[PDB]
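Protein chains in written order, with our numbering: chain A, 1 to 57; chain B, 1001 to 1050; chain C, 2001 to 2143; chain D, 3001 to 3177.
Heads up, the thing below is written out as structure tokens.
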Amino acid sequence: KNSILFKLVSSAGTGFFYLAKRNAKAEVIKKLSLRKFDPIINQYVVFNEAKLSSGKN
Amino acid sequence: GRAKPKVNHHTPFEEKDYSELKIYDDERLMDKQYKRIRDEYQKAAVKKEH
Amino acid sequence: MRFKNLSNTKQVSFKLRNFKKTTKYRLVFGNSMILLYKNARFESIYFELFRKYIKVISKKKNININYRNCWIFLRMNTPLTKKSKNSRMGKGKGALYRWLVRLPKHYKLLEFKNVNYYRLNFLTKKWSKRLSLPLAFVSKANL
Amino acid sequence: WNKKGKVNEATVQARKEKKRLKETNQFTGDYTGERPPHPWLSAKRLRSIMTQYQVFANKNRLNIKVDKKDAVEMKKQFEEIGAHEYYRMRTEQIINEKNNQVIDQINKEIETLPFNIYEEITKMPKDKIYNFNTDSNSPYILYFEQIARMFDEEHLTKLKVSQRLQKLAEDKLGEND
RNA sequence: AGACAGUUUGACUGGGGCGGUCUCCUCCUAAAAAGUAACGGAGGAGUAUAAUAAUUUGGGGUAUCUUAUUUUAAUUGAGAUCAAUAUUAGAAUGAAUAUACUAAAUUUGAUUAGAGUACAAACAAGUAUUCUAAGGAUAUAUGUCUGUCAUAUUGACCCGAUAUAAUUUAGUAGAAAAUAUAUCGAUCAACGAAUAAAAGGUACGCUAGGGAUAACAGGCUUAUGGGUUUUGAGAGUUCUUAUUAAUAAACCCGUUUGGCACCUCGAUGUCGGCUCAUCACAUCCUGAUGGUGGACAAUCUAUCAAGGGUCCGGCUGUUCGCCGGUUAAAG
RNA sequence: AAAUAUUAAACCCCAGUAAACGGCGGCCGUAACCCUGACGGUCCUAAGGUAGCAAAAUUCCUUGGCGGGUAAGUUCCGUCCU
RNA sequence: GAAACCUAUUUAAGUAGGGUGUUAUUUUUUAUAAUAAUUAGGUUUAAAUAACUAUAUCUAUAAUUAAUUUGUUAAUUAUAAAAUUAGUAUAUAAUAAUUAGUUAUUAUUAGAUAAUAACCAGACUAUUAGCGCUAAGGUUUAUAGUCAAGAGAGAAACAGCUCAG
Ligand SMILES: [Mg+2]
Ligand SMILES: [Mg+2]
Ligand SMILES: [Mg+2]
Ligand SMILES: [Mg+2]
Ligand SMILES: [Mg+2]
Ligand SMILES: [Mg+2]
Ligand SMILES: [Mg+2]
Ligand SMILES: [Mg+2]
Ligand SMILES: [Mg+2]
Ligand SMILES: [Mg+2]
Ligand SMILES: [Mg+2]
Ligand SMILES: [Mg+2]
Ligand SMILES: [Mg+2]
Ligand SMILES: [Mg+2]
Ligand SMILES: [Mg+2]
Ligand SMILES: [Mg+2]
Ligand SMILES: [Mg+2]
Ligand SMILES: [Mg+2]
Ligand SMILES: [Mg+2]
Ligand SMILES: [Mg+2]
Ligand SMILES: [Mg+2]
Ligand SMILES: [Mg+2]
Ligand SMILES: [Mg+2]
Ligand SMILES: [Mg+2]
Ligand SMILES: [Mg+2]
Ligand SMILES: [Mg+2]
Ligand SMILES: [Mg+2]
Ligand SMILES: [Mg+2]
Ligand SMILES: [Mg+2]
Ligand SMILES: [Mg+2]
Ligand SMILES: [Mg+2]
Ligand SMILES: [Mg+2]
Ligand SMILES: [Mg+2]
Ligand SMILES: [Mg+2]
Ligand SMILES: [Mg+2]
Ligand SMILES: [Mg+2]
Ligand SMILES: [Mg+2]
Ligand SMILES: [Mg+2]
Ligand SMILES: [Mg+2]
Ligand SMILES: [Mg+2]
Ligand SMILES: [Mg+2]
Ligand SMILES: [Mg+2]
Ligand SMILES: [Mg+2]
Ligand SMILES: [Mg+2]
Ligand SMILES: [Mg+2]
Ligand SMILES: [Mg+2]
Ligand SMILES: [Mg+2]
Ligand SMILES: [Mg+2]
Ligand SMILES: [Mg+2]
Ligand SMILES: [Mg+2]
Ligand SMILES: [Mg+2]
Ligand SMILES: [Mg+2]
Ligand SMILES: [Mg+2]
Ligand SMILES: [Mg+2]
Ligand SMILES: [Mg+2]
Ligand SMILES: [Mg+2]
Ligand SMILES: [Mg+2]
Ligand SMILES: [Mg+2]
Ligand SMILES: [Mg+2]
Ligand SMILES: [Mg+2]
Ligand SMILES: [Mg+2]
Ligand SMILES: [Mg+2]
Ligand SMILES: [Mg+2]
Ligand SMILES: [Mg+2]
Ligand SMILES: [Mg+2]
Ligand SMILES: [Mg+2]
Ligand SMILES: [Mg+2]
Ligand SMILES: [Mg+2]
Ligand SMILES: [Mg+2]
């Protein structure tokens, strides 16, 4: 398989987020960060990369 | 690019006549056993429409 | 079948339960010819039996000809698979034991250029008696 | 009667080798057959170039402003300096026309020759037509002591001198000077 | 601690079992609408990717061949040629050439919400996208963009979980907890998934059903098998047909090995031997005759012919078969 | 409410047990002839079927080969050993 | 007055929904058949040939080899343009009839909705294909018809063929 997920969180403390993929075996230096829409604010803001959980049992 | 425009050599009465000769041959290669059973009723109607 | 990779690939072709075709015969290269007169599965041994007897006609010692006598265009087309003896039906298709040529009705088996009219009529009659097929011989003379 | 042409494997590999090599580079080092340069150049002297060329690429119109007073004078200066030059430049355009006519007259007449010499002139060796070597007569040499003193600055002469050591380092025309 | 117990121990299938398969994609089959099965033929999928995506801009049109060039080509110039090739992320088909390939500048539309039609379609599921609103990119925009040329690139519901645009009543107020918007976890691959949780033997065997389903036998078929007929490689002193016969070919028979699974599954059957028989002729002897490389004899071959006849014994469970001995012959 | 520290039998590791079960090799070349292989190497194994018997109630090819008995014996006796 | 078809199923002799049947209701045709016009298609056609497998010829121009009959004689090669032929399940630029969709006309008489049952083992023949000895009353699909659920007359006698309902 060789893929991993991660969620993109807002600079604001809304907790809204999107998803994305990257391969596990790469050696990326640059974490992602993008300008996207937080409907809670009705405005674009800078999103940044973060960790995603998993399912336990 | 061998392609060159098509030609209707054969006149129309050939292709009619060619389709007819194509039957007279295949009718000769038949089995006689199939041929009389076909030709036993297939005649009678003609004598019975006439 | 598939002509791409003949030897490499394993080949299968549908038996054609009723296949009939007629192709209007006409001479192109030469004067006289032999032509088939019935749809048929033309084997190879139907040719190799009377292969020498054509060489004795078309080719002779100490005689040189520039142009060409015979034009052949025969190639194999049908694998003709089969099952073993004690095998039930189903469980796949049979395996090979031969190859053949499926020919149409009016097929130029041979095309000749200035070859003895008197021998080919003596040949094709014996040809057709071994094979029990209807075959014909044609020359530009009679036409 | 002509049919389509099939592909050569040469065009195949070039299409593929690039994609292997867009990431990598062929210029980086002795991967390419590369001799080292004239040893007058040094690791520190390239950094002297890089560190200051890094500065020049980072310049823009927004790192800089200019006073209008400096600007308005810059018109009349470079306008009239150019006006003298348009007079100069447009002469060369007129000059080169008449020069090329002279070439056209003779090329008509070169046909009007005997068989022997007409071969050579058409079939000259390119080595003779390919002479781009310098001479004692070069207007950078002939006028060097004059031109060294006519400028307003030594720097603008240093623009020339440092320029040559590069070109001398390229063609390897400098050695242990 | 099978010491003891309660239970499971898939299905399809040309009998069943062993083996193989079980979902999804593309063509042939498929018979010019769509659809169309089979343990029919073949190949593939369980991904990739933050640039391989979005808007603008530039470049040679690509490809095949020849040739010349300050020996150089971002992708040089010229000429001819190409039932659209080159390619278009991977299988196959289909299509595009404003494709595709390549260089570059700005950038995240691979954003949020709500209404609705059409195709397809048992159901559920799946598909394409216009219209309305907010908030952005591109930059003449006048306009274009709601992931990739397309089709596969996966999984229901329950339970549970992290972040949260919203609400709350087990007396009241809070905690707890439930639900809601966004979202994550399965080769549950027997892929509509019966459970979180599952293998075998029965020659000690039982019951209910079935000729819906097998072994002997009948019936259909006759590749195979046996025999007739035509042709005649090659032997026969010469010489195709005294004798012999490869190969190729046209029909017959229903005695072998088998294919199918129509009758019988609601008391029976298997080979062999004793006794008892009957029929065919494609005849082993006897009887008639032609031919002969037939001197006589003995013999070989073919035709007509079913009147009567056609062995005992040793070994073996044995038909058969080898052996001993015989006979007009031991069909 | 959660976590760390303390620890029993049992399980793992280790040891023992073969009139318990169970298991018991191959390759290369070598001697006045190929073949034969005492021997010598070669690789591996926990160890390499030792004694003895052997077409057996154990043998697929098999009515195995030779001999005995019988006018003649797929069974029987004796005997050899993939 | 049917069905033995599709789709799912620890399901295959079971069951469920669609489809077909009956009844009832309604100022009720979204219908069936026949004729004609009309649209796309890419089986078939084909002295067609783009592809694959194989293949027969022609030629400007530019050259070769041997020999003392080297101011001759003789034998030969390559090539732009031109250019043939056969075959195929998974080959077609192009291109039939019929079927199918829509519209109109005529004629029949149903359609829609609701309440609800049975069926979901099929057989043969004609045409057509796939496995099979293009063998089988064989086996699996498609388009009609008949048995099924249907007597009478003809096929010597005959569930499936003809006439007929
Ligand atoms: Mg138990
Ligand atoms: Mg237990
Ligand atoms: Mg119970
Ligand atoms: Mg079963
Ligand atoms: Mg079976
Ligand atoms: Mg169709
Ligand atoms: Mg067809
Ligand atoms: Mg079906
Ligand atoms: Mg697979
Ligand atoms: Mg692309
Ligand atoms: Mg462009
Ligand atoms: Mg060009
Ligand atoms: Mg793709
Ligand atoms: Mg492709
Ligand atoms: Mg999204
Ligand atoms: Mg519809
Ligand atoms: Mg739905
Ligand atoms: Mg999709
Ligand atoms: Mg898009
Ligand atoms: Mg559940
Ligand atoms: Mg209470
Ligand atoms: Mg309360
Ligand atoms: Mg489950
Ligand atoms: Mg299931
Ligand atoms: Mg299922
Ligand atoms: Mg489904
Ligand atoms: Mg017992
Ligand atoms: Mg019973
Ligand atoms: Mg039987
Ligand atoms: Mg028969
Ligand atoms: Mg036979
Ligand atoms: Mg002889
Ligand atoms: Mg002979
Ligand atoms: Mg039955
Ligand atoms: Mg019976
Ligand atoms: Mg019973
Ligand atoms: Mg009874
Ligand atoms: Mg007789
Ligand atoms: Mg008798
Ligand atoms: Mg008498
Ligand atoms: Mg005795
Ligand atoms: Mg006895
Ligand atoms: Mg005897
Ligand atoms: Mg022991
Ligand atoms: Mg021993
Ligand atoms: Mg013995
Ligand atoms: Mg003995
Ligand atoms: Mg003994
Ligand atoms: Mg009625
Ligand atoms: Mg039906
Ligand atoms: Mg199930
Ligand atoms: Mg049942
Ligand atoms: Mg229903
Ligand atoms: Mg209904
Ligand atoms: Mg087409
Ligand atoms: Mg043609
Ligand atoms: Mg040419
Ligand atoms: Mg043809
Ligand atoms: Mg076709
Ligand atoms: Mg059923
Ligand atoms: Mg059924
Ligand atoms: Mg059926
Ligand atoms: Mg059936
Ligand atoms: Mg049949
Ligand atoms: Mg049947
Ligand atoms: Mg059946
Ligand atoms: Mg009746
Ligand atoms: Mg009757
Ligand atoms: Mg009728």
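Virtual Cβ for every residue (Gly too), placed ideally from N, Cα, C.
- The bridge partners DSSP lists for residue 2071 of chain C are C:2111.
- Residues of the stretch 1014 to 1036 of chain B with a C-beta atom less than 7 Å from some C-beta of chain C are 1022 and 1029, listed in chain order.
- If you check each beta-carbon in the stretch 2023 to 2045 of chain C against every beta-carbon of chain B, the ones closer than 7 Å belong to 2038.
- Counting the other CB atoms within 10 Å of its CB gives residue 2107 of chain C a total of 16 or more, which places it among the buried residues.
- The alpha-carbon separation between residue 3062 of chain D and residue 1 of chain A amounts to approximately 49 Å.
- Three or more Cβ pairs drawn from the stretch 2030 to 2050 of chain C and the stretch 2090 to 2110 of chain C lie within less than 8 Å of each other, which places the two stretches in contact.
- Residue pairing from DSSP places residue 2095 of chain C in a beta bridge opposite C:2082.
- Here residue 2033 of chain C really is in contact with residue 2138 of chain C; their C-beta atoms are around 5 Å apart, less than 8 Å.
- In this structure residue 2090 of chain C does not touch residue 2082 of chain C by the C-beta definition: roughly 15 Å separates them, more than the 8 Å allowed.
- Scanning its chain for C-beta atoms nearer than 7 Å, with the 5 sequence neighbours on each side dropped, one finds around residue 2069 of chain C the residues 2058, 2112, 2113 and 2115, in chain order.
- Closest by C-alpha distance to residue 2016 of chain C, out of C:2077, C:2087 and C:2140, is C:2077.
- The three-state secondary structure of residue 2011 of chain C, taken from DSSP, is coil.
- Counting along the chain, residue 3020 of chain D sits inside the alpha helix (DSSP H) bounded by residues 3009 to 3021.
- In the structure shown, the three-state DSSP call for residue 2122 of chain C is helix.
- In the DSSP annotation of this structure, the continuous segment of the alpha helix (DSSP H) that includes residue 1042 of chain B starts and ends at 1032 to 1049.
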